[PDB]
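Take a look at the structure below.
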Amino acid sequence: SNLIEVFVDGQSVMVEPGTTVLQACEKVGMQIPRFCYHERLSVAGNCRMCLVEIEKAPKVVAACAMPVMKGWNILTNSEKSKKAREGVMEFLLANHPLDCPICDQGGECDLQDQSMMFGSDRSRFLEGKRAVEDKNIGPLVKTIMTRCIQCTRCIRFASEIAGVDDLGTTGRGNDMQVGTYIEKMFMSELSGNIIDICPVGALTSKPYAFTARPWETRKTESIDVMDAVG
Amino acid sequence: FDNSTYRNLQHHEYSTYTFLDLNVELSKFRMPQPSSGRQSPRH
Amino acid sequence: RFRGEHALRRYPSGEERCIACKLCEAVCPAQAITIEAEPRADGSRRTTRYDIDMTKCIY
Amino acid sequence: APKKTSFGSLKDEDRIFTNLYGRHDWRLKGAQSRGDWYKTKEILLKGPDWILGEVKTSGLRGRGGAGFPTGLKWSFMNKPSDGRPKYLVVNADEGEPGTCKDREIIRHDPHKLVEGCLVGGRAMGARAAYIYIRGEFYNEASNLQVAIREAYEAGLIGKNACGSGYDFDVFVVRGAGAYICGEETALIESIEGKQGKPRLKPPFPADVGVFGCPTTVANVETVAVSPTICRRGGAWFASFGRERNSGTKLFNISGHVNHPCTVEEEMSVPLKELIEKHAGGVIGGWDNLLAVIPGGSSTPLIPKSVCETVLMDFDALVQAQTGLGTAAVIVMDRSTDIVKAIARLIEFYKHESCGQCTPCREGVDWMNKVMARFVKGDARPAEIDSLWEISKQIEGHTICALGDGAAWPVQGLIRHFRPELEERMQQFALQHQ
Amino acid sequence: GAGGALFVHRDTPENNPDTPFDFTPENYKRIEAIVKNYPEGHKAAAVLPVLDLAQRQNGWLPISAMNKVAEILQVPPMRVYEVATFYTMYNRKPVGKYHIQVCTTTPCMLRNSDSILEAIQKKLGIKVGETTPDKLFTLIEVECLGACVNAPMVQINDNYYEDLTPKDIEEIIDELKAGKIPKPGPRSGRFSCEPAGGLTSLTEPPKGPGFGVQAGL
Ligand SMILES: NC(=O)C1=CN([C@@H]2O[C@H](COP(=O)(O)OP(=O)(O)OC[C@H]3O[C@@H](n4cnc5c(N)ncnc54)[C@H](O)[C@@H]3O)[C@@H](O)[C@H]2O)C=CC1
Ligand SMILES: Cc1cc2nc3c(=O)[nH]c(=O)nc-3n(C[C@H](O)[C@H](O)[C@H](O)COP(=O)(O)O)c2cc1C
Ligand code: SF4
Ligand code: SF4
Ligand code: SF4
Ligand code: SF4
Ligand code: FES
Ligand code: FES
Ligand SMILES: [Mg+2]
């Protein structure tokens, strides 16, 4: 066949060429930590949370953007991968605001969950945090940019899925801000999905604000009747 | 043959449009550009 | 340290301290707390309902 | 006798850049008297394989700072055509603090660069060369444009190059103030009209470069010599410096020296000999030396005790734990606040980070704040090891090497001048109770 | 220190979409020549030179100029905003007639650049982020300008003035505000990157063409 053999933690897996390390890892039930990778969006590689160790390689690789080579042995739980994850989460949480009680992403945060599973439990950041002014993109989506981790998922979704090129980044370095640079309404028939794709409370639902927490809700699977798509 | 002089003195009289004027002048020497097949990636 | 009748506190300015995070509701072993919230008229995150059933509470 | 053991004294007949000081006409007529554009038609007619072999046996390594072997890098692009045009991009961003070598080449020997672009593009089969120059070098860019106009007028480049029947164009592109645009992928993205943010590798530019076509990115210094190596032999070039450290190098000596200058010298020259001969020695005598950053701000610094016998090449400086880099020597005597100098370098790196990836974007600002507090002594000795580990987290986890270049000076300062940090901390502690 | 400037746009009578900006016909010829260099099917590669041309024509980059550049090259205005805010050579706010950059990175910091900066400050009476009341000088600090060997140096409107002293920079300033324009280059009798005195290398006349050419070619 065309499949090639790769090893995830010493276990043989057969995968099609061009398959990334993340997909090869998930073919055995291992989910690599991620913040900027979405499987329905183009690869970014900016977050750096997906860094894993390949055996016999001194450098850790971005599992979300690196195709597996023939005979590679991935090491998803070695000391190097764990230290990389802890460092990346330390950097992510360095400037994050202490907003979890007032954040609507409270029990639904990938930042929170992956900090509990892959990060450290302490902080050694002894400086002042950064603060970003809010941007108004319309009634449907509430914006609290301080919480943004600069994943850029929203920009890719707007550019590709929604066909609207209004979202971007201005500035560079620590002071880099996601927005429109002008007072503009991000209007689209699919504009509400940037709330779901955003892993943090930077983009949240405005009608839903403050009304509930995820652990209270009871989930009912149903069908939409507002159009004929179903 | 001398070395007491400085020969790179033409840049003392360059204006703000020197580079673009030179680009315009060189426009008539370049080979035709290759085409992607579309007018833009958004086409 | 004595635990006695419950009370909701304020900030020195007179603003309520509670921000409707619902951590008290999630931790209550007896499920004695019920909370509802919404944005206030000024946009503040404040409760609209905060009940404690003291015949359910284990103090 | 073969197998030389001492290096650092080459006379003018073996210097590639014979107009480094702009003392001869830089115009085509003056450059041709210096041997520029001589037998180009024959070199092109030899073939890409001959030029690639000449570069390979020459032992040349990348002069941008990484020191990658130029032969294999340029032969990576020797693939057959697949429908996409092939391009050459010459890196003239010139962003490293302390470095000034490429500016002199562009402003004083531009025809060397143009001919190097032609020869390298023929070697790689490139259709055209894009020269990405720093946006601040407006006079240098216009001089390069004048040189390109002269080359077009004489039929040296363009349709039917000198006599080879090989079409090749040389464009000049100006950036707008971004040191990150010296990264080859960031430079490529900047040419395509986006933010100067680096791409991930793989793919490499030899597969997906500018406009999504195979591209090779080379330094101006690396590219300019190419013509000379082909002519004078290549095996002549390997006769200079140690093994795997071949050739001639341009050095930028700045800081606390009597006469700062840009000079050309053999690769494996010792640092002390270079400083004493060309720079005129350290201010106040060699005994007044405190620390030196050998290859620009991106490399760790070394104390005076290491500068006594160190060789100015890639491998010897690697053994001294600093690396060669761009061969820009910044000299610091005993009258400088070394912590302040390293903090200023870290602030530079903070103001130049593009912000794309998490480790650089937050960790560099974190180190900047920590070093700002270190300068005043407003910290405690455990923060030294904390900063060391922060730098370690940043290094090797970033997309491009700007995080590496921000972490390395911090590690060098911690490694060599920890007692200075502790003295400052205790002084601030007892001064403020 | 910090950026100081903001990366969001708020409308203003001096800067709004209706603010009049357009390219001169000569500048349209220049834009055509710029666009021609890049491959057909790729025109967004011309945003940098066209935006720089707009800034050169106008003196700064209003929101209308960004929108015009986006319209001409048929790209989303957000991408032009990204380019304009990313690069520090673009002025999204009016500057003085003579915009002064003083390099303060470590190689220039070692050669007493702070003296140059304070001499400029007390000559003009403004700080490092202000413009003179007559709108003729704007003073800022920048990173390494690539003139480190000749440092301490400052760059003015595409010109380099190296090997400076407080007296030299004051002479440059008062010669510039009189209506003249000082000649660029070092002010230490060096006029190049050569060693301060002696010219330790390249003393011999340059060799003739084909002097070291190898055999067989
Ligand atoms: N001259 C200047 O102003 C500055 C120079 N630098 C220097 O840049 C150096 C680091 O730059 P990098 O490009 O990230 O170093 P690198 O080691 O990643 O690669 C350098 C060159 O080798 C090529 N290359 C490397 N591995 C390859 C592979 N497996 N296949 C094909 N090609 C490969 C790359 O395409 C690139 O052109 C630093 O050492 C620094 O000193 C840094 C800042 C400024
Ligand atoms: C942050 C950063 C800045 C850089 N700046 C430059 C530069 O200004 N000039 C340069 O030639 N290379 C620069 N480089 C490295 C380039 O990749 C290098 O020039 C390119 O690989 C050409 O290598 P060569 O000289 O071996 O051909 C930089 C790298 C990084 C990470
Ligand atoms: S986004 Fe997540 S981590 Fe950040 S404040 Fe909200 S709940 Fe906390
Ligand atoms: S707003 Fe959310 S989705 Fe958009 S860049 Fe920030 S964290 Fe990512
Ligand atoms: S909801 Fe409960 S835990 Fe949260 S602020 Fe109010 S009283 Fe405190
Ligand atoms: S290391 Fe810094 S400059 Fe390089 S890609 Fe990451 S954020 Fe950008
Ligand atoms: S998930 Fe791979 S770098 Fe973000
Ligand atoms: S340090 Fe001033 S020009 Fe580079
Ligand atoms: Mg969200």
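In what follows, chains are A, B, ... by sequence order, proteins preceding strands, each numbered from 1. What's counted below: heavy atoms across the whole structure, side chains too, no hydrogens, waters or symmetry copies. Each ligand, and each atom within it, is numbered from 1 in the order the structure gives.
Side-chain contact of D/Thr99 with D/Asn252: a donor-acceptor pair under 3.5 Å is absent, judged by distance alone. Between C/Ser44 and C/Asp42, the side chains place no donor N or O within less than 3.5 Å of an acceptor N or O (distance only, hydrogens not considered). There is a side-chain donor-acceptor pair under 3.5 Å between D/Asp102 and D/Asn219. No side-chain donor from either of C/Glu38 and A/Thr211 sits under 3.5 Å from a side-chain acceptor of the other. Judged by distance alone, the side chains of A/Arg130 and A/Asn174 do bring a donor and an acceptor atom under 3.5 Å apart.
Salt-bridge check for D/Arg134 with D/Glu140: failed, with every basic side-chain N at 4.0 Å or more from each acidic carboxylate O. At a threshold of 4.0 Å, the pair E/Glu162-E/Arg190 does not count as salt-bridged, since none of the basic side-chain nitrogens sits closer than that to a carboxylate oxygen. Note on A/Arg213 versus A/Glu108: no salt bridge recorded, every NZ/NE/NH1/NH2 to OD/OE distance being 4.0 Å or above.
Contact residues of ligand 8 (protein heavy atom closer than 4.0 angstrom to a ligand atom; sorted by chain and number): E/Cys103, E/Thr105, E/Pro107, E/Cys108, E/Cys144, E/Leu145, E/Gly146, E/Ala147, E/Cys148.
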C/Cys24 and C/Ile35: CA distance, side-chain angles, deciding distance, side chain to side chain contact (heavy atoms under 4.5 Å, CB included) verdict: CA-CA 9 Å; C/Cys24 61; C/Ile35 298 168; 3.7 Å; yes

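Distance check for C/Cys24 against atom 6 (Fe) of ligand 5: none of its N/O/S atoms falls below 2.8 Å.
At the shortest separation from atom 6 (Fe) of ligand 3 among protein heavy atoms lies A/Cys103 SG, 2.3 Å. Closest protein heavy atom to atom 4 (Fe) of ligand 5: C/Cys21 SG, 2.2 Å.
Of all atoms in ligand 5, listed by their number and element, those nearer than 4.0 Å to a heavy atom of C/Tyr50 are 2 (Fe), 7 (S). When each atom of ligand 3 is checked for a heavy atom of A/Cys100 under 4.0 Å away, the hits are 3 (S), 5 (S), 7 (S), 8 (Fe). Atoms of ligand 3 lying under 4.0 Å from any heavy atom of A/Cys109, numbered from 1 in the order shown and given with element: 1 (S), 2 (Fe), 3 (S). Atom numbering of ligand 3 starts at 1 in the shown order; those under 4.0 Å from a heavy atom of A/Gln105 are 7 (S). Less than 4.0 angstrom separates some heavy atom of C/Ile19 from each of these atoms of ligand 5: 5 (S), 6 (Fe).
A ring-centre distance under 6.0 Å is not found for D/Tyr179 and D/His351.
At least one heavy atom of C/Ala20 lies less than 4.0 angstrom from ligand 5.
Atom 8 (Fe) of ligand 5 lies below 4.0 Å from none of the non-hydrogen atoms of the protein.
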